[PDB]
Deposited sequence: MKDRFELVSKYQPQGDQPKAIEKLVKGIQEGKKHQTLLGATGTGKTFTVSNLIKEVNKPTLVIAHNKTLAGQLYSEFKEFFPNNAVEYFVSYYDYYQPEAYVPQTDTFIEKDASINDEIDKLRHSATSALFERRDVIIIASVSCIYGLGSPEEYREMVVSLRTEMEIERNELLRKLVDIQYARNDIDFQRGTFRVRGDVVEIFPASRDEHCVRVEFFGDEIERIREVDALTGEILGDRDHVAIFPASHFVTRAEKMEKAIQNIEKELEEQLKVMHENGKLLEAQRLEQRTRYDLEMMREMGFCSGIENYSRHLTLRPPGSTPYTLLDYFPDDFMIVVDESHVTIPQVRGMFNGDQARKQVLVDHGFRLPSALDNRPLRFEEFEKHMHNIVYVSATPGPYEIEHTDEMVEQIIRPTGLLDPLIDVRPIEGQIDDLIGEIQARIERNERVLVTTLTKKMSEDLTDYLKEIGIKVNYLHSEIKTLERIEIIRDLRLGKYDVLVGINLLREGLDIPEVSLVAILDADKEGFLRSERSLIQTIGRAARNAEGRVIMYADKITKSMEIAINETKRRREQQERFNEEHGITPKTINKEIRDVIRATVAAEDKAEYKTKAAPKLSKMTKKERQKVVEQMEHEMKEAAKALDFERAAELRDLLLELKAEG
C-alpha cells in the first residue's frame, strides 16, 4: 500500500527540509514545525514527507478555499492513492441560537450540498479500505460523527460465490440507511431488477455496484457507470458502507426516548425549584414534541441535539470524530498553524457559549452540550506525529517543537523583498508617487491601513485622482474577494487598499510593492506575525518591495525586518552559488447600472452563455 508521489524535483533547501521532517518522524517526534517562507513550495515538501513516512495522514486547513486548493494539488500529486476531502456539507447554515437581549429565536436553517456529503463518505470509507490515504479537512474533523466501530461494523460485505438471498441483502441495505429507489437512482440508493441489485454507494455519484444473483448466491459483482450501464470491472469482494454517518437502530432509540424523559423530568424539577417557570414551560413543550415525533418517526428536526442520548453513552463523553476513523499510527499536517490552531481551539468554546444560553433559556436539554466539537485536550490526544506549517509559527507550535525546520529557498530563486522605512509625515504623498511609478511599469500595489477611516479616505483620494483602486471592506466574502483579486491581477484595479491583507488568496505575482501605513502602531495588525505575512505578499515578484511608514522602530518591526533581511541574504547567497536568475512565476447612475450588468454577466458565464456574457462585457 505505498504512496506514489507523481512534475517537480526537490530544489533549493527542500531536500534538506524533507530530510529533517522525515528523520523527525523517525525519531518519533510528536511536534515538528516546517517554518516555510511564503511561496517556497510548502505543499510539495509536505507531499514528500507523506511519501517517505508512509502513514495515512490528515491535513487540517483554516478555510475551505485553501482546503480545496490543497486537495486539487494533492490529487495531482498522488493520482494513485486515495486523496480525500473532509469539509462541512452545509452550503448554507444559520445556527439555532437565542438572543436574550430581544427574546427572539433563530431557527436552524441549512442546505446540504450533495457533492460534499459524498466526498465525506468517500473519506471515512477510504480509511477503512486502504492505508494510502490523505485527507484534507476543515475543523469539521473535530466535530462529531457516529462510532467508527459501529460504522466499520455495519458494513455489508459482498463476495462472489457467497450464499445470500436477494431480499436478505435488501434488509441489510435499509438497516444501514440505503433507500430502495427504482425511478430516481442516485447515491444512497439501490435498485432491483429481478436477479440484479444495484447499489449506488454513498461515496460515489458516478459508479455503482451490480450484484447479480442466481438463487441465493451472489454470481458476480461488477462496477458499472450508473447513468449508462457500461461495465468497468469485476470485483470478487465489495464493501458497502452505511449511507449515513450516524444511524440509530430502533432498539437503541426506544431506550433513548426513555433517558430523555428522565433527564427532562430532572431538569424540570430544578427550574421549577428555581422559579424559572417560563423556561420550563418551553423546555417541556419543546422536548415533548420532539419526543412524540421520535416515537412516530424515529426522527425530528434538531435530532442531532439528542445525539449523545442516541449513543446510549454517559454524559461528558468525547464525541467520535474523523480523528477516530484513522489508524493509531497516523500523521497530522496543520497548514497555517498560526491561524489553524487558534481556530481548532476556539471551536469548543464558541459552541458551548451558544448552547448554554439556549439551555439557560430552556430551548435545549443540558444533554445537548454533549453534541459538540472536541476540546483541544481531546484533539491533543490524537496527536501521534504532527507537523505545523507556517512562516510565522504560533506560541503552541514554538513551545512544543525542539528545533524548527526552516525552508526559505524559493524554486525560481525569487528573493524576500527589500524594506524601506520612511516617516509618517508626507506619507500619503510619498506613497502616491510610489503608486504612480508602479502604474507606469504595469505593476500592482497593496496598501494596508490600520482603520476603516484611513482606508476609506485614501481610497476616495486615489479614485479622485484617476487611479484605479479597490477597497477590501472587512465585510467582503472570499467569493467576492477572489473576483476583486482577479480584477487586480488583470489590471481593472491598479491598487488594493485594506486593513488585513492576510486575507486569503492575496498572494499575487503582479504585485511589486506593499505599503504598510502606521507600521509602528504594533497591535494585532502590526505584530511580527502580521508584518511578516504582509511582507510575504511582496515576494511573488522579481522586484518586490515594501515601504513601512513609521516614526520609530518597534520590537515587531525589528524582528520582522531582521528576518526578511536574513532570509533575503541566504537566498542571494544560494542564488549566486547556483547561477540562478530570479524570474517571476506567472457617477451614481453609472455605478448602479454597471453593478447590475456585472451580475447579468456573471450569471451568463455560469449558464455557460458565453456569447451573452461578452455582449455585457463589451457593454461595460
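Exercise for review: Any chance you could give me the deposited-sequence numbering of all the stretches lacking C-alphas?
Suggested key: Sequence ranges with no C-alpha atoms are 1-2, 9, 590-620, 655-661.
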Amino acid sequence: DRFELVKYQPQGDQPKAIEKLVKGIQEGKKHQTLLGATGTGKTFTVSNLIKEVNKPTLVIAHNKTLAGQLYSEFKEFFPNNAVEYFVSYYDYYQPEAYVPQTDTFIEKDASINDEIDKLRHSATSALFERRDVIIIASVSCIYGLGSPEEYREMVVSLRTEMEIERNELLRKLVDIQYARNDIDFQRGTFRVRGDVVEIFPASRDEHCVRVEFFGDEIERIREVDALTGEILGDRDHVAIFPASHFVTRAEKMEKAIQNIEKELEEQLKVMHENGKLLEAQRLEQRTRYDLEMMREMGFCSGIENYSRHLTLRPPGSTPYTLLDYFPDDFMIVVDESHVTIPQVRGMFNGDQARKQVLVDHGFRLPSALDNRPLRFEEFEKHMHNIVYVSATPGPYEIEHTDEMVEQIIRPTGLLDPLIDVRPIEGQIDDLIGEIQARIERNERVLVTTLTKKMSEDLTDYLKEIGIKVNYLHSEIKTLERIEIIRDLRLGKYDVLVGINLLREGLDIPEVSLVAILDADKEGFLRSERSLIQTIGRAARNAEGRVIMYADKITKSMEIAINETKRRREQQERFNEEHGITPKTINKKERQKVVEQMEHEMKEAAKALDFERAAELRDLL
From here on, numbers count along this sequence of modelled residues.
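Exercise for review: Look over 568-576 and 59-67 in the entry and identify the one with the greater average Cα temperature factor.
Suggested key: Stretch with the higher mean C-alpha B-factor: 568-576.
Check your understanding: If you average the Cα B factors in the entry, which is higher, 340-348 or 203-211?
Key -> Comparing 203-211 with 340-348, the higher mean C-alpha B-factor belongs to 203-211.
Exercise for review: Determine which member of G523, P327, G426, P319 has the highest CA B-factor, using the values in the deposited entry.
Suggested key: Max CA B-factor in the entry, restricted to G523, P327, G426, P319: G426.
Review point. Based on the PDB record, which member of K583, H31, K552, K51 exhibits the highest Cα temperature factor?
Key: Of the candidates given, the C-alpha B-factor peaks at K583.
Practice item. Could you say whether, by C-alpha temperature factor, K355 belongs to the lowest, middle or highest third of its chain? Key: Highest third.
Point to revise | Third of chain Cα B-factors occupied by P315 | key: Tercile = middle for this residue's CA B-factor.
Check your understanding: Can you tell me which third, lowest, middle or highest, the CA B-factor of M597 falls into for its chain?
Key -> Tercile = highest for this residue's CA B-factor.
Practice item. Name the third of the chain's ranked CA B-factors that contains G24, choosing lowest, middle or highest. Key: Lowest third.
Review point. Relative to the other modelled residues in the chain, which third contains the C-alpha temperature factor of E480: lowest, middle or highest?
Key: Its C-alpha B-factor belongs to the highest third of this chain's values.
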